[PDB]
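Here is the structure we will look at.
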Amino acid sequence: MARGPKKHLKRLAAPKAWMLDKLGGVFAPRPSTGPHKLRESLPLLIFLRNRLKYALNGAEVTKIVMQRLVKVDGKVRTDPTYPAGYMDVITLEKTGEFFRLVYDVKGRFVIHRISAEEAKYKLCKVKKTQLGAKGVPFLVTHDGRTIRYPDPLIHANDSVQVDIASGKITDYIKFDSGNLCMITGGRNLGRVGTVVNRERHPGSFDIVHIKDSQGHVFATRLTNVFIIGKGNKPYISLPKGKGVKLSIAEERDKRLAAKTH
Amino acid sequence: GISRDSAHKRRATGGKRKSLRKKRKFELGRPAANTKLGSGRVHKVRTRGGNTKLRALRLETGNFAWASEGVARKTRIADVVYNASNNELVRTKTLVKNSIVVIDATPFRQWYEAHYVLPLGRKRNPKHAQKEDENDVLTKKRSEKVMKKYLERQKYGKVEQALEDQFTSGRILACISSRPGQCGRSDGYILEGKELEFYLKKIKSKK
Amino acid sequence: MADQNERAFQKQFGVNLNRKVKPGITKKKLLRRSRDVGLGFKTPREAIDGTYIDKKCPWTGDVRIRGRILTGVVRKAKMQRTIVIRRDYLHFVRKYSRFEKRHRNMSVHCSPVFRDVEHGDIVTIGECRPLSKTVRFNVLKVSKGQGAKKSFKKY
RNA sequence: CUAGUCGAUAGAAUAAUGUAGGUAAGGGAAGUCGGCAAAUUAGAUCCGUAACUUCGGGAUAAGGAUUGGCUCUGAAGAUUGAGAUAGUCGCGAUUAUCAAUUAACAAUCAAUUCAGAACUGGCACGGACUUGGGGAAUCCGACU
RNA sequence: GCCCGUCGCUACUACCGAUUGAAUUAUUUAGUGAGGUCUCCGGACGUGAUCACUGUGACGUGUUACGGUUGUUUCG
RNA sequence: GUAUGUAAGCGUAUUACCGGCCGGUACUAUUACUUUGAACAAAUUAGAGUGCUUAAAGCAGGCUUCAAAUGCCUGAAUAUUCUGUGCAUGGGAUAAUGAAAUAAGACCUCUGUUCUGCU
RNA sequence: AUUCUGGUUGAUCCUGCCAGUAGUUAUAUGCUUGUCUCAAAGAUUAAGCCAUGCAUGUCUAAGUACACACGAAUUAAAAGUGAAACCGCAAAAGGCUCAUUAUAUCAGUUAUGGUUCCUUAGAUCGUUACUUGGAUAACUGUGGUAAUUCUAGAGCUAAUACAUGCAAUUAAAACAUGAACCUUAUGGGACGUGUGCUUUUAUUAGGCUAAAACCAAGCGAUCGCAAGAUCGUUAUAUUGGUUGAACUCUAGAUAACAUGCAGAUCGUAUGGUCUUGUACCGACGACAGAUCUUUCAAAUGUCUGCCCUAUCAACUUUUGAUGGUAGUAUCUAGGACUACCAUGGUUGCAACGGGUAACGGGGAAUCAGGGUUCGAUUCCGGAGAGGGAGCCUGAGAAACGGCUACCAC
């Protein structure tokens with residue numbers, strides 16, 4: 001573990017998905033080792049300061065979470081740089097906000113508001129259906145939840161709906177070629193639906209051929225694809241317009257046809 | 001500070017590799033144990049993160065496995081008789097992994113006469129005619145199920161002649177199977193089938 | 001070649017002559033457990049009904065075949081249960097716009113299922129744990145096994 | 001040890017100078033025509049070896065390490081092979097093929113060399129004996 | 001007209017060269033070996049119990065409850 | 001009128017099956033090269049967006065709000081130095097290798113006239 | 001902005017250079033200067049030497065208060081303040097430098113089913129003083145010393161520190177063994193116990209086409225009075241992963257082994273319960289501990305890429321070179337090391353030795369392309385704290401704003 005464990009994070013080392021300022025300050029938040037990864041996690045300091053703009057500096061934000069105002073998934077989460085990863089339900093109850101982390105059309109984070117009943121649940125991919133933990137069967141989700149006693153039919157790379165008020169699973173979806181999906185972390189991150197094919201390469205990285213809503217196709221690996229429902233049927237309210245991955249001309253007309261002109 | 005890094009070792013073409021990063025902590029090789037045959041002394045050490053290792057040195061006794069039926073009895077290690085690696089690991093009576101050991105043949109005799117109502121080995125009559133108290137613990141017949149089940153048992157009393165000699169002489173050859181420098185125990189298996197045929201070349205025929 | 005000849009006794013870790021008490025009598029026709037390396041390669045017959053020990057075989061030893069699968073012509077087979085293969089590739093320079101013949105010789109373990117490997121068979125290999133100082137690989141299939149012109153037509 | 005001698009004029013005493021042999025603090029050639037004389041080294045195993053050369057040598061160049069005792073281990077060979085298997089006679093007595101065997105196969109027997117390893121003592125170990133100091137040059141004769 | 005070496009003088013740069021020359025740097029054979037890690041023993045002072053010290057509380061005075069510049073054999 | 005650059009039929013493994021010409025399956029001589037992908041930090045560079053008074057920069061910023069601002073968002077793209085190897089996929093020109101000559105031409109096979117069996 | 005000009009000659013046309021020209025976050029230096037916006041800045045020479053100054057400490061309602069410093073005192077509340085002093089944590093990140101170092105470091109690519117890891121997270125405790133032991137610092141007091149660097153003796157005193165262990169710590173139950181039983185059989189034990197955790201070894205099934213003929217129990221049932229032979233279906237020849245397979249994971253079983261663990265903690269805010277019995281109970285913890293998982297990592301490993309040099313062509317086993325078996329050590333693979341055994345490995349496709357005014361990369365400079373040149377330097381990886389070596393605490397250091405030698409100063 002030698003010369004470790006590297007407890008800082010400069011700017012220009014942090015992911016550019018945070019859309020951070022490059023000048024201004026010469027460090028990054030260093031997301032503190034929570035249930036999501038480092039680069040896979042939009043830390044609470046970025047969510048509040050940068051793109052909720054509720055607290056303007058690094059001191060105004062620590063007067064908020066230590067006031068125990070925000071909470072994620074019923075847990076208060078007063079660590080001011082908690083990781084707070086993707087598909088999580090950031091429930092700021094005052095004044096009744098109900099945020100979620102969903103990737104952009106362009107794959108970075110966004111701001112997303114949901115309903116209060118939508119704040120009751122969230123979707124999570126499963127990674128491993130190990131057996132031996134409580135009691136005999138066992139299931140560890142993507143986000144670091146160890147849902148003991150799942151359904152036995154749920155094998156790996158499915159997603160379940162966990163109503164986060166409990167730790168129970170209630171709506172599981174099978175990874176199969178009639179299903180909506182979403183990609184977390186490649187060239188195609190932030191593109192939605194509706195997978196046609198997984199090319200099973202034995203050992204390893206069986207890459208998955210996906211076709212979008214508008215008929216275009218792309219491809220990523222199996223660890224990127226995050227299923228979110230059946231064919232054209234999510235279980236979550238999608239962001240601004242739905243990961244369709246517009247052209248490089250389609251920015252230009254929309255910047256002039258949808259502008260004050 | 002006996003480092004186990006390969007920044008010695010002239011590389012696979014023969015050429016030398018030069019300097020490399022004076023030494024590192026994560027490559028320490030602590031000295032040996034050399035578990036000799038004495039009074040159960042154990043020193044414990046502190047390792048990579050947190051954990052402890054219990055070094056045997058002058059180890060006494062071990063619980064061995066009767067191989068063909070899986071029964072473990074704590075027993076007295078008499079002495080060593082063989083080692084594949086080095087012959088000073090025979091004479092200096094160092095127990096390591098798989099070095100061949102004479103142990104007892106007594107705590108497997110007494111703990112089998114439930115299943116093995118014909119007791120092995122055949123104990124001697126001219127001075128041990130007194131009974132303290134074997135026939136009462138051989139069967140006693142109980143007029144009941146389990147001594148009747150000893151006729152459903154005792155269809156496994158077909159143990160090899162080679163162990164039948166050692167069980168009569170009361171010195172059974174057992175091969176150690178743990179790393180006593182790294183666990184503080186020597187919990188061997190009794191070699192029965194494939195090795196007792198073998199290793200008596202390596203003891204008897206080498207006289 | 002070897003009827004279990006070393007001052008240390010040779011046996012496979014995990015199996016035993018267990019004779020009397022067992023759930024049924026699962027003899028498996030012999031007490032010898034073989035794997036299958038299962039990346040598509042057919043598990044060889046001599047690994048299931050064979051008599052070699054080879055603790056470093058992927059089929060019947062303490063190994064798994066992970067990582068990268070590569071190939072190359074065998075070059076010598078002298079050292080005990082290991083061989084020398086020879087890759088060949090083509091490095092390319094920008095400045096001259098022309099390739100270049102190069103070669104790396106990677107030593108690789110060879111379990112005794114492949115008795116009579118001879119230079120130059122085409123073989124197929126795959127990375128495992130570091131086995132001893134050079135050998136980070138294990139043989140998987142002497143695939144062509146065929147000296148093309150100058151090697152294999154007997155005399 | 002076998003054989004052979006104690007025959008060298010004998011006793012007392014141990015001054016000087018001697019002939020012959022030892023040792024000597026510290027220094028180490030200052031001594032001297034000149035290291036004369038003396039001193040050092042020396043057997044054996046392993047390492048290692050320079051200038052120059054007629055390529056053969058130089059070379060034991062130089063420069064190092066090891067060695068006793070005791071108790072062990074390993075390597076080097078020889079003659080017999082071992083001889084399964086079926087039955088007889090009455091375990092005795094009696095009658096033979098070969099796949100393999102098979103390295104100190106199983107016996108039996110013999111040799112003294114070589115490699116290790118523990119333990120051990122003014123750490124004195126070629127413990128007497130036997131037994132090269134070495135190197136850089138010049139001049140002469142080639143060499144025996 | 002051009003042009004070439006020797007020799008002579010002046011100045012400069014490199015060369016070979018007795019001195020087995022000097023100065024240095026890097027590795028390293030052999031020797032002695034600091035300090036440490038490990039480990040066979042060591043076991044200071046101080047310990048729980050104990051033969052036991054005896055007061056009172058107790059018991060039939062002793063011992064303990066309780067304390068001791070208690071000592072001792074005990075034993076860890 | 002023609003043109004031809006079009007897909008199919010037809011000198012046939014334009015491939016065994018079930019589905020409504022159509023999904024899903026059963027099912028495949030390589031390599032080099034090439035097409036399209038994945039994978040991989042920013043900063044830099046190439047660069048679209050943006051009147052920092054302009055500019056180098058920056059990643060901000062717009063806005064009937066003219067008299068109330070609630071005033072939505074543009075954003076923070078996009079490809080190249082992260083070359084190269086390596087990994088997917090389309091192609092078969094070029095280019096090497098590969099078969100059937102001291103023996104394999106086959107049989108889709110009821111199939112064994114081997115026997116290894118295996119639940 | 002894909003460009004050339006003078007220069008050998010009496011004159012000419014050439015090859016050829018030398019000189020011109022130009023850019024350089026590219027360095028010094030000359031002269032020069034009104035505003036301003038950003039701003040590199042002891043890298044090169046000397047990883048040379050350094051005065052002082054500072055650069056690493058830390059508290060909540062909530063682990064410990066007996067501070068007259070006191071807030072307070074008929075709230076002896078003491079929650080204020082708590083200075084101290086334990087404890088707890090961090091001090092292994094920053095920050096610098098570029099001496100080493102040539103497949104080394106590094107880059108991309110892949111592994112760890114060959115490995116450990118503090119913390120944050122999600123499962124995460126019905127297994128006879130009970131809410132115990134003494135002893136300690138701050139504090140008093142007495143001292144030593146050229147030495148503000150340190151520290152002894154004595155008098156006290158606490159714990160989420162130390163050390164021990166029960167009132168539910170509780171077994172029932174589950175369940176085997178022997179066992180109240182008795183009985184012919186996918187039959188039945190009353191009870192003693194054993195039942196945890198982690199450790200270690202061994203044995204066991206370990207990821208699974210279909211019918212009978214036939215037979216041992218003779219099971220429902222059939223022939224039969226039955227025994228007991230025939231056959232015969234359902235539940236029953238029922239453990240996971242990657243699902244690329246002995247992943248030996250904790251799982252599952254069995255035989256056992258040695259050492260500990262198994263909340264004697266804490267307050268905001270108190271209540272239901274008053275039988276006021278202080279019996280019956282709130283949210284809690286920055287709390288604590290065991291296991292699996294997660295995270296931040298880490299160390300190894302893979303294939304490919306790394307300058308000059310043949311006035312370096314052969315190297316590699318003094319005392320590991322390459323491989324085998326077994327071992328030891330490590331967190332772990334491994335000649336990492338020991339033991340025996342094999343004679344292998346490497347190179348003209350540049351091994352090996354040498355050089356370097358060599359940290360590697362991102363990248364920088366410069367032209368139309370092709371390119372040369374540079375990268376000490378802000379980001380990533382690596383190394384080092386005068387030299388070499390050593391090592392404690394720790395989860396993590398072969399640490400140097402830790403110690404231990406020695407050398408130099």
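Each chain of the structure tokens is named A, B, ... in the order shown, its residues numbered from 1; ligands are numbered from 1 in display order.
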For residue 144 of chain A, find every residue with an atom within 8 Å (counting only C-alpha atoms (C1' of nucleotides)), except residues of its own chain fewer than 6 positions away, and show them as number ranges by chain. A: 35-36; G: 121-122, 293-294
Using only C-alpha atoms (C1' of nucleotides), I'd like every residue of chain A that has an atom within 10 Å of chain F; please write them out as a PyMOL selection string. chain A and resi 11-23+106+186-188+199+201+204-208+218-221+248-249+251-252+254-256+258-260
What would the file look like if the residues just selected were written as a compact mmCIF listing (two decimals), in the first residue's frame with N, CA and C atoms?
```txt
# COMPACT_ATOMS: atom_id res chain seq x y z
N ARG A 11 -6.85 19.88 -9.52
CA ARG A 11 -7.48 20.04 -10.80
C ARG A 11 -6.58 19.44 -11.84
N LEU A 12 -7.19 19.13 -12.98
CA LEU A 12 -6.65 18.52 -14.18
C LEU A 12 -6.37 17.05 -13.95
N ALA A 13 -6.63 16.53 -12.75
CA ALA A 13 -6.69 15.10 -12.50
C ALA A 13 -8.11 14.61 -12.33
N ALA A 14 -9.02 15.48 -11.88
CA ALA A 14 -10.41 15.14 -11.71
C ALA A 14 -11.06 14.92 -13.06
N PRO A 15 -12.15 14.15 -13.12
CA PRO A 15 -12.79 13.93 -14.41
C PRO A 15 -13.35 15.21 -14.98
N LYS A 16 -13.34 15.31 -16.30
CA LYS A 16 -13.92 16.51 -16.88
C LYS A 16 -15.43 16.46 -16.92
N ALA A 17 -16.03 15.31 -16.60
CA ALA A 17 -17.47 15.17 -16.46
C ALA A 17 -18.04 16.06 -15.36
N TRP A 18 -17.22 16.47 -14.41
CA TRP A 18 -17.66 17.41 -13.40
C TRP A 18 -17.86 18.81 -13.96
N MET A 19 -17.37 19.07 -15.18
CA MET A 19 -17.50 20.36 -15.86
C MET A 19 -16.92 21.49 -15.03
N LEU A 20 -15.87 21.19 -14.29
CA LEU A 20 -15.35 22.08 -13.28
C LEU A 20 -14.73 23.32 -13.92
N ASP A 21 -14.58 24.36 -13.12
CA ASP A 21 -13.71 25.45 -13.49
C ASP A 21 -12.30 24.92 -13.61
N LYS A 22 -11.52 25.47 -14.52
CA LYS A 22 -10.13 25.03 -14.57
C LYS A 22 -9.24 25.93 -13.73
N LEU A 23 -9.49 27.23 -13.74
CA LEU A 23 -8.84 28.17 -12.84
C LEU A 23 -9.70 28.38 -11.60
N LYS A 106 -25.03 14.39 -23.35
CA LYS A 106 -23.61 14.40 -23.63
C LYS A 106 -22.77 13.73 -22.55
N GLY A 186 -18.34 5.47 -21.30
CA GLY A 186 -17.48 5.22 -22.44
C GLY A 186 -17.45 6.40 -23.39
N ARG A 187 -17.38 6.08 -24.68
CA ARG A 187 -17.65 7.11 -25.68
C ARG A 187 -19.13 7.39 -25.77
N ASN A 188 -19.94 6.37 -25.52
CA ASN A 188 -21.38 6.45 -25.69
C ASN A 188 -22.10 6.67 -24.38
N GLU A 199 -22.40 -9.75 -27.95
CA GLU A 199 -21.52 -10.62 -28.71
C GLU A 199 -20.62 -11.31 -27.71
N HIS A 201 -18.00 -12.88 -26.18
CA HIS A 201 -16.60 -13.24 -26.36
C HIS A 201 -16.14 -13.96 -25.11
N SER A 204 -12.22 -12.04 -22.71
CA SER A 204 -13.41 -11.46 -22.11
C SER A 204 -13.89 -10.24 -22.87
N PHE A 205 -14.73 -9.48 -22.16
CA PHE A 205 -15.32 -8.21 -22.58
C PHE A 205 -16.19 -8.40 -23.82
N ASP A 206 -17.26 -9.13 -23.58
CA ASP A 206 -18.27 -9.41 -24.58
C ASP A 206 -19.06 -8.13 -24.86
N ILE A 207 -18.71 -7.45 -25.95
CA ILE A 207 -19.27 -6.13 -26.17
C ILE A 207 -20.68 -6.24 -26.72
N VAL A 208 -21.48 -5.22 -26.44
CA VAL A 208 -22.93 -5.29 -26.55
C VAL A 208 -23.35 -4.33 -27.64
N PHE A 218 -24.95 1.78 -31.72
CA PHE A 218 -23.61 1.93 -31.20
C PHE A 218 -23.24 0.63 -30.51
N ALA A 219 -22.15 0.67 -29.75
CA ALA A 219 -21.66 -0.51 -29.07
C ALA A 219 -20.83 -0.06 -27.89
N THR A 220 -20.96 -0.77 -26.77
CA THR A 220 -20.04 -0.67 -25.64
C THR A 220 -19.85 -2.05 -25.06
N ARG A 221 -19.18 -2.10 -23.92
CA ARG A 221 -18.96 -3.34 -23.21
C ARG A 221 -20.08 -3.59 -22.22
N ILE A 248 -23.66 17.06 -34.84
CA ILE A 248 -22.87 18.25 -34.58
C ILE A 248 -23.43 19.42 -35.37
N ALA A 249 -24.39 19.18 -36.25
CA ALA A 249 -25.15 20.29 -36.80
C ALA A 249 -26.34 20.62 -35.94
N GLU A 251 -26.63 20.89 -32.84
CA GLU A 251 -26.40 21.94 -31.86
C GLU A 251 -26.63 23.31 -32.48
N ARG A 252 -26.34 23.46 -33.77
CA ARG A 252 -26.21 24.79 -34.34
C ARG A 252 -27.57 25.42 -34.61
N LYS A 254 -30.40 24.49 -33.18
CA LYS A 254 -31.04 24.66 -31.89
C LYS A 254 -30.45 25.83 -31.13
N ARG A 255 -29.18 26.15 -31.37
CA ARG A 255 -28.63 27.34 -30.75
C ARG A 255 -29.13 28.61 -31.42
N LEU A 256 -29.78 28.51 -32.58
CA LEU A 256 -30.36 29.67 -33.23
C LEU A 256 -31.87 29.60 -33.38
N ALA A 258 -33.85 27.72 -31.34
CA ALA A 258 -34.25 27.83 -29.94
C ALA A 258 -33.35 28.82 -29.22
N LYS A 259 -33.42 30.07 -29.66
CA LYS A 259 -32.74 31.16 -28.98
C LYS A 259 -33.60 32.41 -29.09
N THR A 260 -33.28 33.39 -28.25
CA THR A 260 -33.99 34.67 -28.25
C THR A 260 -33.64 35.40 -29.53
```
How far is it from atom CA of residue 96 of chain C to atom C1' of residue 356 of chain G, in Å with one decimal? 26.8 Å
Determine, using only C-alpha atoms, which residues of chain C have any atom at most 9 Å from an atom of chain B, and tabulate each with its shortest atom pair and distance in Å to one decimal place, rows ordered by chain and then rising number, as CSV.
```
residue,atom,partner,partner_atom,distance
C:6,CA,B:84,CA,8.6
C:7,CA,B:84,CA,5.5
C:8,CA,B:84,CA,4.9
C:9,CA,B:195,CA,7.2
C:11,CA,B:194,CA,8.6
C:16,CA,B:193,CA,8.1
C:17,CA,B:193,CA,6.3
C:18,CA,B:68,CA,5.2
C:19,CA,B:68,CA,6.8
C:20,CA,B:156,CA,5.7
C:21,CA,B:69,CA,6.9
C:133,CA,B:12,CA,8.2
C:134,CA,B:12,CA,7.2
```
Contact set, chain A to chain B: 12 Å, only C-alpha atoms, as a PyMOL selection string: chain A and resi 1-3
Deliver the residues from the most recent selection as a file, using C-alpha atoms, as a compact mmCIF listing (two decimals), in the first residue's frame.
```
# COMPACT_ATOMS: atom_id res chain seq x y z
CA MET A 1 0.00 0.00 0.00
CA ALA A 2 3.24 1.93 -0.11
CA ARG A 3 3.47 5.76 -0.40
```
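In this structure, atom CA of residue 167 of chain B sits 21.4 Å away from atom CA of residue 150 of chain B.
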Please report as a list in words which residues of chain B come no farther than 12 Å from chain D, using only C-alpha atoms (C1' of nucleotides).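 The selection requested is residues 86, 87, 88, 89, 90, 91, 92, 201, 205, 206 and 207 of chain B.
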Give me a file of those residues, with N, CA, C and O atoms, as a CSV table (one decimal), in the first residue's frame.
```csv
chain,number,residue,atom,x,y,z
B,86,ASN,N,16.4,-31.9,2.4
B,86,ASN,CA,17.7,-31.8,3.0
B,86,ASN,C,17.8,-32.8,4.1
B,86,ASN,O,16.9,-32.8,5.0
B,87,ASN,N,19.0,-33.5,4.2
B,87,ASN,CA,19.2,-34.5,5.2
B,87,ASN,C,19.5,-33.9,6.6
B,87,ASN,O,19.5,-34.7,7.6
B,88,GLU,N,20.0,-32.7,6.7
B,88,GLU,CA,20.1,-32.0,8.0
B,88,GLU,C,18.8,-31.6,8.5
B,88,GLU,O,18.7,-31.1,9.6
B,89,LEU,N,17.7,-31.7,7.8
B,89,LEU,CA,16.4,-31.6,8.3
B,89,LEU,C,15.9,-32.9,8.9
B,89,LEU,O,14.8,-32.9,9.4
B,90,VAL,N,16.6,-34.0,8.7
B,90,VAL,CA,16.3,-35.2,9.4
B,90,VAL,C,17.0,-35.3,10.7
B,90,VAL,O,16.4,-35.5,11.8
B,91,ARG,N,18.3,-35.1,10.7
B,91,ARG,CA,19.1,-35.3,11.9
B,91,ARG,C,18.9,-34.3,13.0
B,91,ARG,O,18.9,-34.6,14.2
B,92,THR,N,18.7,-33.1,12.6
B,92,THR,CA,18.4,-32.0,13.5
B,92,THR,C,17.0,-31.9,14.0
B,92,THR,O,16.6,-31.0,14.7
B,201,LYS,N,10.8,-47.5,0.7
B,201,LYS,CA,12.0,-47.5,-0.1
B,201,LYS,C,12.9,-46.4,0.5
B,201,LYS,O,14.1,-46.7,0.7
B,205,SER,N,15.1,-49.5,2.3
B,205,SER,CA,16.0,-49.9,1.2
B,205,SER,C,17.2,-49.1,1.2
B,205,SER,O,18.2,-49.5,0.5
B,206,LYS,N,17.3,-47.9,1.8
B,206,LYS,CA,18.5,-47.1,1.9
B,206,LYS,C,19.3,-47.3,3.1
B,206,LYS,O,19.8,-46.4,3.7
B,207,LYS,N,19.3,-48.6,3.6
B,207,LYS,CA,20.2,-49.0,4.6
B,207,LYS,C,21.2,-50.0,4.0
B,207,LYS,O,20.9,-50.4,2.9
```
Give one line per residue of chain C that approaches chain A to at most 9 Å, naming the two atoms of the closest pair and their distance in Å to one decimal, counting only C-alpha atoms; sort by chain then ascending residue number and deliver it as a Markdown table.
```
| residue | atom | partner | partner_atom | distance |
| --- | --- | --- | --- | --- |
| C:39 | CA | A:202 | CA | 6.7 |
| C:40 | CA | A:202 | CA | 8.5 |
| C:66 | CA | A:203 | CA | 8.1 |
| C:67 | CA | A:203 | CA | 7.9 |
```
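Restricting the calculation to only C-alpha atoms (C1' of nucleotides), the smallest distance between chain C and any of G:86, G:400, G:376, G:111 is found for G:111.
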Atom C1' of residue 161 of chain G and atom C1' of residue 134 of chain G, how far apart in Å?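 For atom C1' of residue 134 of chain G relative to atom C1' of residue 161 of chain G, the distance reads 13.1 Å.
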Based on the backbone DSSP call, show me all residues of segment 71-189 of chain B assigned alpha helix (DSSP H), as JSON, numbers by chain. {"B": [88, 89, 90, 91, 134, 135, 136, 137, 138, 145, 146, 147, 148, 149, 150, 151, 152, 161, 162, 163, 164, 165, 166, 167, 168, 169, 180, 181, 182, 183]}
Contact residues around residue 93 of chain C with only C-alpha atoms (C1' of nucleotides) at 12 Å, ignoring same-chain residues under 5 positions, as a PyMOL selection string: (chain C and resi 98-101) or (chain F and resi 83-84) or (chain G and resi 305)
Could you write out that same residue set with N, CA and C atoms (P, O5', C5', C4', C3', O3' and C1' of nucleotides) as a PDB file, in the first residue's frame?
```
ATOM      1  N   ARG C  98       7.857   1.642 -43.667  1.00  0.00           N
ATOM      2  CA  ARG C  98       8.344   0.314 -44.007  1.00  0.00           C
ATOM      3  C   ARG C  98       8.417  -0.505 -42.737  1.00  0.00           C
ATOM      4  N   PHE C  99       8.118  -1.792 -42.828  1.00  0.00           N
ATOM      5  CA  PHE C  99       8.093  -2.578 -41.607  1.00  0.00           C
ATOM      6  C   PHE C  99       9.490  -3.049 -41.264  1.00  0.00           C
ATOM      7  N   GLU C 100       9.570  -3.991 -40.328  1.00  0.00           N
ATOM      8  CA  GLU C 100      10.839  -4.562 -39.901  1.00  0.00           C
ATOM      9  C   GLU C 100      10.580  -5.865 -39.170  1.00  0.00           C
ATOM     10  N   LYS C 101      11.321  -6.897 -39.514  1.00  0.00           N
ATOM     11  CA  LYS C 101      11.159  -8.193 -38.890  1.00  0.00           C
ATOM     12  C   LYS C 101      11.837  -8.197 -37.535  1.00  0.00           C
TER      13      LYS C 101
ATOM     14  P     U F  83      -3.707   8.095 -30.065  1.00  0.00           P
ATOM     15  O5'   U F  83      -2.303   8.309 -30.770  1.00  0.00           O
ATOM     16  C5'   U F  83      -2.191   8.243 -32.184  1.00  0.00           C
ATOM     17  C4'   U F  83      -0.759   8.293 -32.621  1.00  0.00           C
ATOM     18  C3'   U F  83      -0.210   6.962 -33.079  1.00  0.00           C
ATOM     19  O3'   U F  83      -0.533   6.664 -34.414  1.00  0.00           O
ATOM     20  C1'   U F  83       1.269   7.887 -31.514  1.00  0.00           C
ATOM     21  P     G F  84      -1.216   5.270 -34.760  1.00  0.00           P
ATOM     22  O5'   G F  84      -0.417   4.228 -33.876  1.00  0.00           O
ATOM     23  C5'   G F  84       0.824   3.718 -34.321  1.00  0.00           C
ATOM     24  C4'   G F  84       1.542   2.908 -33.270  1.00  0.00           C
ATOM     25  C3'   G F  84       0.934   1.575 -32.899  1.00  0.00           C
ATOM     26  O3'   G F  84       1.024   0.580 -33.910  1.00  0.00           O
ATOM     27  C1'   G F  84       1.722   2.630 -30.966  1.00  0.00           C
TER      28        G F  84
ATOM     29  P     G G 305       8.385  -3.916 -29.547  1.00  0.00           P
ATOM     30  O5'   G G 305       8.381  -2.381 -29.222  1.00  0.00           O
ATOM     31  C5'   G G 305       7.913  -1.444 -30.160  1.00  0.00           C
ATOM     32  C4'   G G 305       7.666  -0.128 -29.495  1.00  0.00           C
ATOM     33  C3'   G G 305       8.870   0.563 -28.936  1.00  0.00           C
ATOM     34  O3'   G G 305       9.615   1.232 -29.915  1.00  0.00           O
ATOM     35  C1'   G G 305       7.141   0.663 -27.382  1.00  0.00           C
TER      36        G G 305
END
```
Pull out every residue of chain B sitting within 9 Å of chain E, counting only C-alpha atoms (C1' of nucleotides), and send them as a ChimeraX atom specification. /B:1,30-32
Near segment 94-99 of chain D, within 9 Å and counting only C-alpha atoms (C1' of nucleotides), which residues show up once chain neighbours fewer than 3 positions away are dropped, as number ranges by chain? D: 83-85, 87-89
Residues at most 8 Å from segment 102-107 of chain B, counting only C-alpha atoms (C1' of nucleotides), excluding those fewer than 3 positions away in the same chain, as number ranges by chain? B: 73-81, 110-111, 166-167, 170-174
How would the residues just picked look written out with C-alpha atoms as a tab-separated table (two decimals), in the first residue's frame?
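Writing done, so here's selection.tsv:
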```
chain	number	residue	atom	x	y	z
B	73	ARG	CA	-6.60	-37.40	17.15
B	74	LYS	CA	-4.16	-35.20	19.03
B	75	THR	CA	-1.04	-37.31	19.36
B	76	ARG	CA	2.63	-37.49	20.30
B	77	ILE	CA	5.15	-36.84	17.54
B	78	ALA	CA	8.01	-39.15	18.35
B	79	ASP	CA	10.67	-38.12	15.85
B	80	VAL	CA	11.36	-37.54	12.20
B	81	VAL	CA	12.56	-40.17	9.78
B	110	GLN	CA	-8.68	-46.64	21.18
B	111	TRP	CA	-10.89	-44.34	19.15
B	166	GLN	CA	2.73	-50.40	12.51
B	167	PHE	CA	-0.42	-50.47	14.61
B	170	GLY	CA	2.69	-48.85	17.98
B	171	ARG	CA	4.70	-46.47	15.80
B	172	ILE	CA	2.81	-45.24	12.75
B	173	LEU	CA	4.46	-43.24	9.98
B	174	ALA	CA	2.71	-39.99	9.31
```
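Using only C-alpha atoms (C1' of nucleotides), the residues found no farther than 12 Å from segment 8-25 of chain F, other than those of its own chain fewer than 2 positions away, are residues 177 of chain A; 6, 27, 28 and 108 of chain F.
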Which polymer residues have any atom within 9 Å of an atom of segment 134-142 of chain D, counting only C-alpha atoms (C1' of nucleotides), with same-chain residues fewer than 5 positions away left out, as a PyMOL selection string? (chain D and resi 61-62) or (chain E and resi 20)
